[PDB]
>>> print(open('query.cif').read())   # mmCIF, C-alpha atoms; chains and numbers go by the auth columns
data_work
loop_
_atom_site.group_PDB
_atom_site.id
_atom_site.type_symbol
_atom_site.label_atom_id
_atom_site.label_comp_id
_atom_site.label_asym_id
_atom_site.label_seq_id
_atom_site.Cartn_x
_atom_site.Cartn_y
_atom_site.Cartn_z
_atom_site.B_iso_or_equiv
_atom_site.auth_seq_id
_atom_site.auth_asym_id
ATOM 1 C CA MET A 1 -28.884 3.573 -85.619 0.00 1 A
ATOM 2 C CA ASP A 2 -31.828 5.100 -87.520 0.00 2 A
ATOM 3 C CA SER A 3 -31.340 4.234 -91.210 0.00 3 A
ATOM 4 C CA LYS A 4 -33.778 1.566 -92.437 0.00 4 A
ATOM 5 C CA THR A 5 -31.940 -0.266 -95.244 0.00 5 A
ATOM 6 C CA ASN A 6 -34.472 -2.784 -96.601 0.00 6 A
ATOM 7 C CA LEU A 7 -34.990 -3.093 -100.379 0.00 7 A
ATOM 8 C CA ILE A 8 -36.434 -6.444 -101.513 0.00 8 A
ATOM 9 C CA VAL A 9 -36.957 -6.745 -105.284 0.00 9 A
ATOM 10 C CA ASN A 10 -39.429 -9.158 -106.917 0.00 10 A
ATOM 11 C CA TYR A 11 -40.853 -10.051 -110.343 0.00 11 A
ATOM 12 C CA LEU A 12 -37.337 -10.504 -111.785 0.00 12 A
ATOM 13 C CA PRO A 13 -37.176 -11.441 -115.486 0.00 13 A
ATOM 14 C CA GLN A 14 -35.213 -14.496 -116.694 0.00 14 A
ATOM 15 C CA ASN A 15 -32.207 -12.523 -118.033 0.00 15 A
ATOM 16 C CA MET A 16 -32.060 -10.689 -114.680 0.00 16 A
ATOM 17 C CA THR A 17 -29.640 -12.551 -112.389 0.00 17 A
ATOM 18 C CA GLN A 18 -26.802 -11.794 -109.947 0.00 18 A
ATOM 19 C CA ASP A 19 -25.061 -9.663 -112.610 0.00 19 A
ATOM 20 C CA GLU A 20 -28.136 -7.947 -114.112 0.00 20 A
ATOM 21 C CA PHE A 21 -29.411 -7.472 -110.532 0.00 21 A
ATOM 22 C CA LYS A 22 -26.207 -5.781 -109.328 0.00 22 A
ATOM 23 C CA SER A 23 -25.992 -3.191 -112.129 0.00 23 A
ATOM 24 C CA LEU A 24 -29.769 -2.588 -112.063 0.00 24 A
ATOM 25 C CA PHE A 25 -29.861 -1.474 -108.403 0.00 25 A
ATOM 26 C CA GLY A 26 -26.125 -0.685 -108.600 0.00 26 A
ATOM 27 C CA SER A 27 -26.511 2.577 -110.554 0.00 27 A
ATOM 28 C CA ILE A 28 -28.993 3.973 -108.004 0.00 28 A
ATOM 29 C CA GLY A 29 -27.461 3.737 -104.514 0.00 29 A
ATOM 30 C CA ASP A 30 -24.578 2.114 -102.599 0.00 30 A
ATOM 31 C CA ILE A 31 -26.288 -1.234 -101.951 0.00 31 A
ATOM 32 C CA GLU A 32 -24.479 -1.857 -98.637 0.00 32 A
ATOM 33 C CA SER A 33 -24.990 -5.528 -99.574 0.00 33 A
ATOM 34 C CA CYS A 34 -26.958 -7.160 -102.412 0.00 34 A
ATOM 35 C CA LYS A 35 -28.262 -10.757 -102.311 0.00 35 A
ATOM 36 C CA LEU A 36 -30.376 -12.002 -105.244 0.00 36 A
ATOM 37 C CA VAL A 37 -32.028 -15.424 -104.804 0.00 37 A
ATOM 38 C CA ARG A 38 -29.726 -18.094 -106.280 0.00 38 A
ATOM 39 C CA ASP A 39 -30.215 -21.749 -105.278 0.00 39 A
ATOM 40 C CA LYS A 40 -26.943 -23.614 -104.634 0.00 40 A
ATOM 41 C CA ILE A 41 -27.857 -26.550 -106.906 0.00 41 A
ATOM 42 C CA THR A 42 -28.697 -25.852 -110.566 0.00 42 A
ATOM 43 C CA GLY A 43 -28.790 -22.054 -110.217 0.00 43 A
ATOM 44 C CA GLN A 44 -32.439 -21.251 -111.024 0.00 44 A
ATOM 45 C CA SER A 45 -33.591 -17.790 -109.879 0.00 45 A
ATOM 46 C CA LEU A 46 -36.665 -17.625 -107.615 0.00 46 A
ATOM 47 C CA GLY A 47 -37.845 -14.467 -109.428 0.00 47 A
ATOM 48 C CA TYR A 48 -36.798 -12.009 -106.694 0.00 48 A
ATOM 49 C CA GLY A 49 -33.610 -10.763 -104.990 0.00 49 A
ATOM 50 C CA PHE A 50 -32.642 -8.871 -101.816 0.00 50 A
ATOM 51 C CA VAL A 51 -30.908 -5.477 -101.625 0.00 51 A
ATOM 52 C CA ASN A 52 -29.854 -3.222 -98.737 0.00 52 A
ATOM 53 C CA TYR A 53 -28.965 0.424 -99.446 0.00 53 A
ATOM 54 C CA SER A 54 -26.746 2.523 -97.150 0.00 54 A
ATOM 55 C CA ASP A 55 -29.342 5.236 -96.436 0.00 55 A
ATOM 56 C CA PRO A 56 -33.147 5.436 -96.380 0.00 56 A
ATOM 57 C CA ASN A 57 -33.113 8.362 -98.835 0.00 57 A
ATOM 58 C CA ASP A 58 -31.340 6.400 -101.582 0.00 58 A
ATOM 59 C CA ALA A 59 -33.593 3.412 -100.832 0.00 59 A
ATOM 60 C CA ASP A 60 -36.847 5.385 -101.152 0.00 60 A
ATOM 61 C CA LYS A 61 -35.520 6.757 -104.462 0.00 61 A
ATOM 62 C CA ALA A 62 -34.887 3.283 -105.914 0.00 62 A
ATOM 63 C CA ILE A 63 -38.529 2.589 -105.021 0.00 63 A
ATOM 64 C CA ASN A 64 -39.884 5.925 -106.318 0.00 64 A
ATOM 65 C CA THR A 65 -38.448 5.041 -109.754 0.00 65 A
ATOM 66 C CA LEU A 66 -38.240 1.221 -109.957 0.00 66 A
ATOM 67 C CA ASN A 67 -41.494 0.546 -108.063 0.00 67 A
ATOM 68 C CA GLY A 68 -43.583 -0.848 -110.934 0.00 68 A
ATOM 69 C CA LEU A 69 -41.286 -1.198 -113.953 0.00 69 A
ATOM 70 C CA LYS A 70 -42.940 -2.517 -117.130 0.00 70 A
ATOM 71 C CA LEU A 71 -41.256 -5.184 -119.284 0.00 71 A
ATOM 72 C CA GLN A 72 -41.799 -6.479 -122.837 0.00 72 A
ATOM 73 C CA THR A 73 -44.110 -9.133 -121.346 0.00 73 A
ATOM 74 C CA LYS A 74 -43.596 -9.009 -117.557 0.00 74 A
ATOM 75 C CA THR A 75 -44.094 -6.574 -114.657 0.00 75 A
ATOM 76 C CA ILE A 76 -41.197 -5.949 -112.244 0.00 76 A
ATOM 77 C CA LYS A 77 -41.747 -4.100 -108.948 0.00 77 A
ATOM 78 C CA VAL A 78 -39.547 -2.965 -106.036 0.00 78 A
ATOM 79 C CA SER A 79 -40.729 -3.298 -102.416 0.00 79 A
ATOM 80 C CA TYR A 80 -39.337 -2.384 -98.972 0.00 80 A
ATOM 81 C CA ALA A 81 -37.783 -5.545 -97.490 0.00 81 A
ATOM 82 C CA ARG A 82 -39.992 -6.312 -94.467 0.00 82 A
ATOM 83 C CA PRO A 83 -40.325 -9.370 -92.218 0.00 83 A
ATOM 84 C CA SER A 84 -43.353 -11.701 -92.235 0.00 84 A
ATOM 85 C CA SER A 85 -46.630 -10.022 -91.205 0.00 85 A
ATOM 86 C CA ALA A 86 -46.406 -11.870 -87.870 0.00 86 A
ATOM 87 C CA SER A 87 -50.134 -12.521 -87.341 0.00 87 A
ATOM 88 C CA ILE A 88 -51.653 -14.399 -84.381 0.00 88 A
ATOM 89 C CA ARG A 89 -55.370 -15.231 -84.711 0.00 89 A
#
>>> encode(input="query.cif", output="structure tokens")
Amino acid sequence: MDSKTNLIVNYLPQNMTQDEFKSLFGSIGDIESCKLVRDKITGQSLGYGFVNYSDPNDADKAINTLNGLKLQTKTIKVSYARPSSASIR
């Protein structure tokens, strides 16, 4: 069905984690399913998580407001979750 629910976040700050990542994109749209990067060994974050909204309108809004957030000493930025470029030559 036409919907497009791809919201990949990157540039996550240390404090940000599975809990700070849920509330962050949680008070913006019904993330049909979140999924921040969280190794299954020590638990170090890769500095980016995955999020899928329910509609494309709520997803473009999380990007029209969180796309380029400034931090005390870091730069966070939202980005549509897309697959590899898939090049050839």
>>> residues_around(input="query.cif", residues="range 15-23 of chain A", least_positions_apart="6", cutoff="9 Å", atoms="all atoms listed in the file", output="ChimeraX atom specification")
/A:31,34-38,45,47,49
>>> axis_aligned_box(input="query.cif", around="range 69-77 of chain A", padding_each_side="8 Å", output="JSON")
{"center_x": -42.7, "center_y": -5.2, "center_z": -115.9, "size_x": 18.9, "size_y": 23.9, "size_z": 29.9}
>>> atom_distance(input="query.cif", atom1="CA of residue 30 in chain A", atom2="CA of residue 72 in chain A")
27.9 Å
>>> closest_residue(input="query.cif", among="A:33, A:42, A:27, A:52", to="residue 3 in chain A", atoms="all atoms listed in the file")
A:52
>>> residues_around(input="query.cif", residues="residue 5 in chain A", least_positions_apart="4", cutoff="12 Å", atoms="all atoms listed in the file", output="list in words")
residues 1, 29, 30, 31, 32, 33, 34, 50, 51, 52, 53, 54, 55, 56, 57, 58, 59, 60, 62, 79, 80, 81 and 82 of chain A
>>> residues_near_point(input="query.cif", point="(-43.6, -6.2, -115.2)", cutoff="12 Å", atoms="all atoms listed in the file", output="JSON, numbers by chain")
{"A": [9, 10, 11, 12, 13, 14, 47, 66, 67, 68, 69, 70, 71, 72, 73, 74, 75, 76, 77, 78]}
>>> atom_distance(input="query.cif", atom1="CA of residue 88 in chain A", atom2="CA of residue 6 in chain A")
24.1 Å
>>> atom_distance(input="query.cif", atom1="CA of residue 63 in chain A", atom2="CA of residue 7 in chain A")
8.1 Å
>>> decode(input="query.cif", residues="range 27-59 of chain A", atoms="N, CA, C and O atoms", output="compact mmCIF listing (two decimals), in the first residue's frame")
# COMPACT_ATOMS: atom_id res chain seq x y z
N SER A 27 7.29 11.43 20.65
CA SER A 27 6.33 12.56 20.75
C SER A 27 6.25 13.29 19.41
O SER A 27 6.22 14.50 19.36
N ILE A 28 6.21 12.57 18.33
CA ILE A 28 6.13 13.23 16.99
C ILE A 28 5.19 12.43 16.09
O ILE A 28 4.42 12.99 15.32
N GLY A 29 5.24 11.13 16.16
CA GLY A 29 4.36 10.30 15.30
C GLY A 29 4.30 8.87 15.84
O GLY A 29 5.14 8.45 16.61
N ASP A 30 3.32 8.11 15.44
CA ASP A 30 3.21 6.71 15.93
C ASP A 30 4.26 5.84 15.25
O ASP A 30 3.99 5.17 14.27
N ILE A 31 5.47 5.85 15.75
CA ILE A 31 6.53 5.02 15.12
C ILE A 31 6.06 3.56 15.05
O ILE A 31 6.26 2.79 15.97
N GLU A 32 5.43 3.20 13.97
CA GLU A 32 4.92 1.80 13.82
C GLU A 32 5.92 0.81 14.43
O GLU A 32 5.55 -0.24 14.91
N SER A 33 7.18 1.14 14.43
CA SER A 33 8.19 0.22 15.02
C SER A 33 9.56 0.90 15.07
O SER A 33 10.14 1.21 14.05
N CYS A 34 10.07 1.13 16.24
CA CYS A 34 11.41 1.78 16.36
C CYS A 34 12.49 0.69 16.35
O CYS A 34 12.19 -0.49 16.41
N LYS A 35 13.73 1.07 16.28
CA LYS A 35 14.82 0.04 16.27
C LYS A 35 16.19 0.72 16.30
O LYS A 35 16.91 0.73 15.33
N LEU A 36 16.55 1.30 17.42
CA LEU A 36 17.87 1.98 17.51
C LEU A 36 18.99 0.93 17.46
O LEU A 36 18.81 -0.20 17.85
N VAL A 37 20.15 1.31 16.99
CA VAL A 37 21.27 0.33 16.92
C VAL A 37 21.73 -0.02 18.34
O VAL A 37 22.04 0.84 19.13
N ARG A 38 21.77 -1.29 18.66
CA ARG A 38 22.21 -1.69 20.02
C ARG A 38 22.89 -3.06 19.95
O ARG A 38 22.24 -4.09 20.01
N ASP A 39 24.18 -3.09 19.83
CA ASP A 39 24.90 -4.39 19.75
C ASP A 39 24.33 -5.35 20.80
O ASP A 39 23.68 -4.94 21.74
N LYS A 40 24.57 -6.62 20.65
CA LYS A 40 24.05 -7.60 21.64
C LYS A 40 25.19 -8.08 22.54
O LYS A 40 25.11 -9.12 23.17
N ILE A 41 26.26 -7.33 22.61
CA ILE A 41 27.40 -7.74 23.47
C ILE A 41 27.52 -6.77 24.65
O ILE A 41 26.91 -6.96 25.68
N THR A 42 28.30 -5.73 24.50
CA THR A 42 28.46 -4.75 25.61
C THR A 42 27.23 -3.84 25.65
O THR A 42 26.65 -3.60 26.69
N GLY A 43 26.83 -3.34 24.51
CA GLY A 43 25.64 -2.45 24.46
C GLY A 43 26.06 -1.06 23.99
O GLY A 43 25.45 -0.07 24.33
N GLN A 44 27.09 -0.98 23.20
CA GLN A 44 27.55 0.35 22.70
C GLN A 44 26.67 0.78 21.52
O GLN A 44 26.37 0.00 20.64
N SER A 45 26.27 2.02 21.49
CA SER A 45 25.41 2.51 20.37
C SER A 45 26.28 2.79 19.15
O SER A 45 27.42 3.21 19.27
N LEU A 46 25.76 2.58 17.97
CA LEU A 46 26.56 2.84 16.74
C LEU A 46 26.44 4.31 16.35
O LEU A 46 27.06 4.77 15.41
N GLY A 47 25.65 5.07 17.06
CA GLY A 47 25.50 6.52 16.73
C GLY A 47 24.39 6.70 15.69
O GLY A 47 24.45 7.59 14.87
N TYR A 48 23.39 5.87 15.72
CA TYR A 48 22.28 6.01 14.74
C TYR A 48 21.22 4.93 15.01
O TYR A 48 21.54 3.82 15.38
N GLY A 49 19.97 5.25 14.83
CA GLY A 49 18.90 4.25 15.09
C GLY A 49 17.96 4.16 13.89
O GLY A 49 18.11 4.86 12.91
N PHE A 50 16.98 3.30 13.96
CA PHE A 50 16.02 3.16 12.84
C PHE A 50 14.61 3.44 13.35
O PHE A 50 14.25 3.09 14.45
N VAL A 51 13.79 4.08 12.55
CA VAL A 51 12.41 4.38 13.00
C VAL A 51 11.45 4.28 11.82
O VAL A 51 11.77 4.67 10.71
N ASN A 52 10.28 3.77 12.04
CA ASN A 52 9.29 3.65 10.94
C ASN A 52 7.96 4.26 11.40
O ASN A 52 7.32 3.75 12.29
N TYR A 53 7.55 5.34 10.80
CA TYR A 53 6.27 5.98 11.23
C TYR A 53 5.10 5.21 10.61
O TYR A 53 5.28 4.28 9.86
N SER A 54 3.90 5.61 10.92
CA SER A 54 2.71 4.91 10.35
C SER A 54 2.31 5.56 9.03
O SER A 54 1.82 4.91 8.13
N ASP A 55 2.51 6.85 8.91
CA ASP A 55 2.14 7.54 7.65
C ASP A 55 3.33 8.38 7.16
O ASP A 55 4.23 8.67 7.91
N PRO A 56 3.28 8.73 5.90
CA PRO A 56 4.34 9.54 5.26
C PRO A 56 4.22 11.01 5.67
O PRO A 56 5.16 11.76 5.59
N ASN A 57 3.06 11.41 6.11
CA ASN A 57 2.88 12.83 6.53
C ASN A 57 3.54 13.05 7.88
O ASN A 57 4.20 14.04 8.12
N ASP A 58 3.37 12.12 8.78
CA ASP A 58 3.99 12.26 10.13
C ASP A 58 5.49 12.02 10.01
O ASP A 58 6.27 12.49 10.81
N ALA A 59 5.91 11.29 9.01
CA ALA A 59 7.36 11.02 8.84
C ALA A 59 8.04 12.25 8.24
O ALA A 59 9.12 12.63 8.65
